[PDB]
Amino acid sequence: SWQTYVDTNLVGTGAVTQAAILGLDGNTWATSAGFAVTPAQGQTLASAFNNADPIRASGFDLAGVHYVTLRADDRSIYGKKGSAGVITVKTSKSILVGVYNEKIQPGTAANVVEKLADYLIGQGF
């Protein structure tokens, strides 16, 4: 879903000053930011979603960013750390990753990512 919205606003700063689309062990789709995630991107998200134990306690880490992760098991997963935030939710067989800094509020980005998804939720991937 963020594919076409990745090369325009959604990523430039249409809610997040950075965003990437990874997940699903089938392949990648499209990313756009200033951080290279290790090759274990789709392998760290599918495994991180085991029992909300590793992501809940201690939190998880990536190339150079990490969060505490509050809830992660229902369907959406927008984690935060107190300054920046990474909205990781599923849509069209892909987990968008709204990577933004403190400039964007954890609510202004969760509101736009909630409506866009609302469109792809009717189907459910």
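Every number here is computed from the coordinates shown, using simple stated rules; none is lab data. Because the Cβ atoms are built from the backbone with ideal geometry, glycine has one as well, and the counts that use them run over all protein chains shown.
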### Task
Spot the failing condition for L24; the list is (1) on the phi > 0 side of the Ramachandran plot; (2) surrounded by fewer than 12 Cβ atoms within 10 Å (Cβ to Cβ); (3) not hydroxyl-bearing (S, T, Y), and only one is missed.
(2)
### Close pairs (6 angstrom Cβ cut-off, 6 or more residues apart or separate chains): closer than 15 Å to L70 by Cβ and without any contact (Cβ under 8 Å) to a residue 60 or more places away in the chain in segment 40-55, in a helix (DSSP H, G or I) and not aromatic (F, W, Y) anywhere
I55/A48
### Message
Taking the conditions exactly as written (surrounded by 12 or more Cβ atoms within 10 Å (Cβ to Cβ) and either small (G, A, S) or touching a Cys at 6+ places or on another chain (Cβ under 7 Å) (or both)), does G42 satisfy them or not?
### Response
yes
### Scope segment 3-28; condition among the hydrophobic types (A, V, I, L, M, F, W, C) and within 18 Å of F49 (Cα to Cα); matching residues
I21, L22, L24
### Query
For segment 76-96, does any single residue satisfy the condition of being hydroxyl-bearing (S, T, Y), more than 18 Å from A117 (Cα to Cα) and in contact with a helix residue (DSSP H, G or I) (Cβ under 9 Å, 6 or more places away or on another chain)?
no
